[PDB]
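# Secondary and tertiary structure notes
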Amino acid sequence: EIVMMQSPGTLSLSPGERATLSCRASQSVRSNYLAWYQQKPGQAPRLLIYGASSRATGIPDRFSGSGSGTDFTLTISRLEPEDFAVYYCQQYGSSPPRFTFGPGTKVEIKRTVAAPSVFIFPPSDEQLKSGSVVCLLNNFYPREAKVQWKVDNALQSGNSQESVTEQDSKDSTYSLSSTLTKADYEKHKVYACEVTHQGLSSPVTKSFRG
Amino acid sequence: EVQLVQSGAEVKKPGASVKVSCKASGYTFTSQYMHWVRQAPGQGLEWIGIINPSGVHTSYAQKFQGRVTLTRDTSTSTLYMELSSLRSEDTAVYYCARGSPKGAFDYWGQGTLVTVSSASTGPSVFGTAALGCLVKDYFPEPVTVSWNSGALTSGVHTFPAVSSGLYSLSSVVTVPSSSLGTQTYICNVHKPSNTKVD
Amino acid sequence: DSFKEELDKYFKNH
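Along every chain, residue numbers run from 1 in sequence order, not necessarily as the entry numbers them; residues that have no coordinates are omitted. Naming scheme: in the order in which they are written, chains are lettered from A and ligands are numbered from 1. Calculation of side-chain values draws on the structure's entire complement of heavy atoms; hydrogens and water are dropped beforehand. Residues with missing side-chain atoms are left out of burial classes, side-chain pairs and their counts.

## Digging into the overall build of chain A
Counting its secondary structure elements, chain A contains 1 helix and 17 strands. We compute the radius of gyration over the C-alpha atoms and compare it with the globule rule, which gives 2.2 Å times the number of residues raised to the power 0.38. Taking 210 residues into account, the globule formula puts the C-alpha radius of gyration at 17 Å, and chain A, at 23 Å, lies well above it. Seen through its principal axes, chain A has C-alpha atoms that stretch 70 × 35 × 25 Å. Secondary structure elements follow DSSP: runs of H or I of four or more residues count as helices, runs of E of two or more count as strands, with numbering from the N terminus.

## Describing the interface of chain A and chain B
At the interface, 29 residues of chain A touch 23 residues of chain B. At the level of elements, β4 (34-39), β5 (46-50), β9 (85-94), β10 (97-101), β12 (117-121), α1 (125-128), β13 (133-140) and β15 (174-180) of chain A are the ones that each hand at least two residues to the side of chain A that touches chain B. Classification used: nonpolar for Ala, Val, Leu, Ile, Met, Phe, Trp, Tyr, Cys and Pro, charged for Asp, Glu, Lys and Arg, polar for all others including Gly. Here the residues of the side of chain A that touches chain B are counted per class, giving 17 nonpolar, 10 polar and 2 charged. Working rule for contacts: check all heavy atoms of both residues, and any pair within 4.5 Å makes them a contact.

## Points about the interface of chain A and chain C
At the interface, 8 residues of chain A touch 5 residues of chain C. It is β9 of chain A that provides the largest number of residues to the side of chain A that touches chain C, a total of 3 residues. Its residues assigned to classes, the side of chain A that touches chain C shows 5 nonpolar, 3 polar and no charged.

## Focus on the pairing of strand β13 (residues 128-138) of chain B
A pair of strands is labelled paired if DSSP reports no fewer than 2 bridges between them. As paired strands, strand β12 (residues 124-125) of chain B and β13 of chain B are joined by 2 bridges and run antiparallel to one another. Bridging across to β13 of chain B, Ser124 of chain B finds its partner in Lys136 of chain B.

## Re the sheet that holds β13 of chain A
Residues and elements named next belong to chain A. Strands sit in the order β12-β13-β15 across an open sheet of 3 strands; the sheet is antiparallel. At either end of the open sheet lies a strand with only one pairing partner, and these are β12 and β15. Across the sheet, the mean angle separating the axes of adjacent strands is 15° when strand polarity is ignored. Both β12 and β13 contribute to a ladder of 5 bridges, which runs antiparallel. The residue bridging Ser117 from the neighbouring strand is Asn138, located in β13. Axes, fitted as lines to C-alpha atoms, cover a helix only where it is in contact. Angles between the N-to-C directions of the axes lie from 0 to 180 degrees.

## Some details on the state of the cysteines
Residue pairing for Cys135 of chain A: its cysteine sulfur links by disulfide to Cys193 of chain A, the two sulfurs lying 2.0 Å apart. The sign of the 80° torsion about the S-S bond sets the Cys135 of chain A-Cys193 of chain A disulfide as right-handed. Disulfides are defined as pairs of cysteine sulfur atoms found within 2.5 Å of each other. Disulfide partner of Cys22 of chain B: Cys96 of chain B, at an S-S distance of 2.0 Å. Because the torsion about its S-S bond is 70°, the bridge between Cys22 of chain B and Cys96 of chain B counts as right-handed. Residue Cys22 of chain B is located in strand β3 (residues 18-23), and its partner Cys96 of chain B is located in strand β9 (residues 92-99); the two are separated by 74 residues in the primary sequence. Among the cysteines of chain A that take part in disulfides, numbered as they appear in the sequence, the pairing is 1-2, 3-4.

## A word on the packing of aromatic side chains
Side-chain rings of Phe, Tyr and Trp, where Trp is taken by its six-membered ring, are said to pair if the distance between their centres is within 6.5 Å; with planes under 30 degrees apart they count as stacked, over 60 as edge-to-face, and otherwise as tilted. Here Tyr10 of chain C and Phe11 of chain C contribute two aromatic rings whose centre-to-centre distance is 4.9 Å and whose plane-to-plane angle is 80°, an arrangement assigned as edge-to-face. One aromatic cluster is present, formed by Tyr33, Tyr37, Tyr92, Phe99 and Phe101 of chain A, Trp47, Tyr95, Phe105 and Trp108 of chain B together with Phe3 of chain C through successive ring pairs.

## Details of the domain arrangement of chain A
Residue and element names in this part refer to chain A. Those domain boundaries reflect an automatic or database domain assignment. What the domain assignment reports for chain A is domain 1 (4-109) and domain 2 (117-208). Centre-to-centre, using C-alpha coordinates, domain 1 lies 38 Å away from domain 2. Contacts between the two partners involve 6 residues from domain 1 and, on the opposite side, 7 residues from domain 2. In the side of domain 1 that touches domain 2, the residues fall into 4 nonpolar, no polar and 2 charged.

## Describing the environment of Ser77 of chain B
Secondary-structure assignment places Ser77 of chain B in the loop between β7 (68-73) and β8 (78-83). Spatially, the C-alpha atom of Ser77 of chain B lies 6.1 Å from that of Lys23 of chain B, the residues being 54 residues apart in sequence.

## Digging into the domain arrangement of chain B
For an interface, size is often stated in terms of accessible area lost upon the parts coming together. Split by domain assignment, chain B resolves into domain 1 (5-116) and domain 2 (124-197). Its C-alpha centre places domain 1 of chain B at a distance of 31 Å from the equivalent point of domain 2 of chain B.

## Description of the environment of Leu83 of chain B
All names here are of chain B. Along the chain, the position of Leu83 falls in strand β8. Residues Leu83 and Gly66, spaced 17 residues apart in sequence, show a C-alpha to C-alpha distance of 9.2 Å. Dropping the residues within four chain positions of it, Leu83 is found in contact with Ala16, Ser17, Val18, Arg38, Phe64, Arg67, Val68, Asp90 and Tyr94.

## Thoughts on the pattern of salt bridges
Definition used for salt bridges: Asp or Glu carboxyl oxygen within 4 Å of a side-chain nitrogen of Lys or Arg. One salt bridge connects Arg209 of chain A with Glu186 of chain A, and the closest N-O pair in it is separated by 2.5 Å. In this structure, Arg38 of chain B and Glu46 of chain B form a salt bridge, with 3.5 Å as the shortest nitrogen-oxygen distance. When salt bridges with common partners are traced through the structure, they connect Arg38, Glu46, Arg67 and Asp90 of chain B into a single cluster.

Okay, here's the thing in structure tokens:
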């Protein structure tokens, strides 16, 4: 078969900058039948470029492909927050029918620092009947954030599960959701989560039984 | 607008067979070759095979030879993908794509997730303001989350799922303080367990 | 010829 390679593995750039994606094929691609596909989170792939350099219908001029033989390039000028996706290259041939994809290149969009909005959610009485405090960090950049739980000024370790959304397709902000997963809960009172982030000039803590 | 519409997600035991469908009405589809591409979670795209307009000719990838069967119904404009002897590595989102007369796949279906798990398939739910719905203990993926029947789509954050072996995700939303007492919204939660809690 | 036509010529012998 025709093995497809791509580089780099991950690319992180700012809006308005130019992204350069490479695609290498193990054999020469007959008729320059090279395609580039954009796949955003939770969506199906979307055809950007076919025939090495042909924009599909609806694709803006800032998307551009080039190359021949074994080396091909996709250039995304004037990057936009909506361009956050994984980009695959694909060769296709007719005689015999052959369709192989590249491993993909994750393109991340950088932005300016943005501070999170912390929200404390104590567990409702519904979950207490079965025998998990949820801390929310809403719309922030960058992704790296230190979330620490302190039950009555006691740093918890090994009892919290975090979850981060994908980078937003409009403002490139992340959202995090911690879960401080009834026996050990009725012994303490003041539960809190402290968030540390470079958008906060000082550490912020959200506390709250009753 | 012409559009590919695939069937819902199915959960199949190992060794069982699965049959996924793809509705491809309109001359744009009925006059072209159709393809099937799958994508294992966190992996790239893998081409499965191709079927001709009349449905008589097929060509399968070397990996899937002998295990897949592509069929096409021209009187209903419906495509089918059958894969037998499902193993764990077959768990993937199976896409149906239209082969452009020029070659590339320019039309794609939304995808169909096939979960090959031996474990049994029922989730439980529990300036400005913010509200959320905690959905824990569920298997297998996924568990869709909507707010006010999709009427509120500006500000929603449905986190991905995450010890006991059961999935758990949360869906949050942001609303002003004045809209709390005026608008009453409910979150709409799992096709494998055929559960639809609000 | 178009890619679809090249495929049609492929399945003529296969």
